[PDB]
Amino acid sequence: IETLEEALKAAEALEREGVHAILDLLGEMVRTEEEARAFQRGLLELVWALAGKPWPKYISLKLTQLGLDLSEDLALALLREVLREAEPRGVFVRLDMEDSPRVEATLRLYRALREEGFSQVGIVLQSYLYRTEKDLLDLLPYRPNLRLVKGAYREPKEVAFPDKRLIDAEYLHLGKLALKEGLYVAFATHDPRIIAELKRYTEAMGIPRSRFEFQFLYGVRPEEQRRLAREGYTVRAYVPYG
Ligand SMILES: Cc1cc2nc3c(=O)[nH]c(=O)nc-3n(C[C@H](O)[C@H](O)[C@H](O)COP(=O)(O)O)c2cc1C
């Protein structure tokens, strides 16, 4: 998948099988505010093309591609402009969580936008960081729509659990904590141990299937994806393009 057209066909094919799509525009690495605005135009194109596609409309983005480090204010201003367009079309925008020095700014942006009244925006939290439980607790008043991941970056042992056993343990802790608090939670993991435990837990707790989902990368464990959709789970696959 390279182009938007190829990505939207991929979404079509998933939908035939009861699985949903998350569209993720990757661009060249944004080096300047002008590049952040060019990336923004690619996002506005994405929103436009998803508009009145009949199925659920979800995009994922990286805030560094809107110039987060160059200027948080500008990244916020450009994201706001995107959400003003996306909200009225029913397009949900997930803010992908990047590496640890960018976490505080990411949460400030999310909080700011929520406080302005946008509601079809979510966050990602990563179980490998020490800081994540407090971030989750701090965010409960906002009622976040939350995607839970383990974490994709090499991080130092002062900020992240060094042990994979601890990373996995924190994932289940945070997941259950979020669900017990009433948040919609997307579980973005391939780990069959964690998936089995979460299916067990939601059943035992009587958490309806409409309150959580599973997320997989496009093409990874595709049988499992179809199996979960057949059992009535909300399942999404993440489709990068660009
Ligand atoms: C659908 C989806 C979305 C993701 N979004 C993020 C993100 O925003 N930030 C991040 O660090 N990792 C993200 N990840 C990566 C996870 O951190 C993890 O590295 C990867 O899926 C492998 O771990 P797992 O299958 O054992 O849970 C995502 C993974 C999936 C499947």
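Residue numbers run from 1 in the order of the sequence given. Start at 1 and go down the list; that is how both ligands and their atoms are numbered.
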Practice prompt. Applying salt bridge (charged side-chain N to carboxylate O under 4.0 Å, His left out), run through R111 and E115 and close with a yes or a no.
Written response: CA-CA 6 Å; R111 289 192 308 273; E115 277 162 40; 5.5 Å; no
Response to the item:
The answer, listing residues by chain and number that come under 4.0 Å of ligand 1 through any heavy atom, is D96, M97, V124, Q126, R147, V149, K150, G151, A152, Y153, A188, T189, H190, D191, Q215, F216, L217, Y238
Item to complete: Using only heavy-atom distances, determine whether the side chains of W55 and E12 contain a donor-acceptor pair under 3.5 Å.
Response: yes
Discussion item. Between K150 and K164, is there a side-chain heavy-atom distance shorter than 4.5 Å?
Written reply: yes
Sequence neighbours left out, cut at 3.5 Å: what donor-acceptor pairs do the side chains of residues 233-242 make with other protein atoms?
residue, atom, partner, partner atom, Å
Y233, OH, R209, NH2, 3.4
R236, NE, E213, OE1, 3.3
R236, NE, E213, OE2, 2.7
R236, NH2, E213, OE1, 2.9
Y238, OH, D24, OD2, 2.6
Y238, OH, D96, OD2, 2.9

Worksheet item: Quick one: side-chain hydrogen bond (donor to acceptor under 3.5 Å, both in side chains) partners of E104, sequence neighbours excluded?
Response: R131
Worksheet item: Members other than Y184 in its cluster, when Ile, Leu, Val, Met, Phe, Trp, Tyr link by side-chain heavy atoms under 4.5 Å?
Response: none
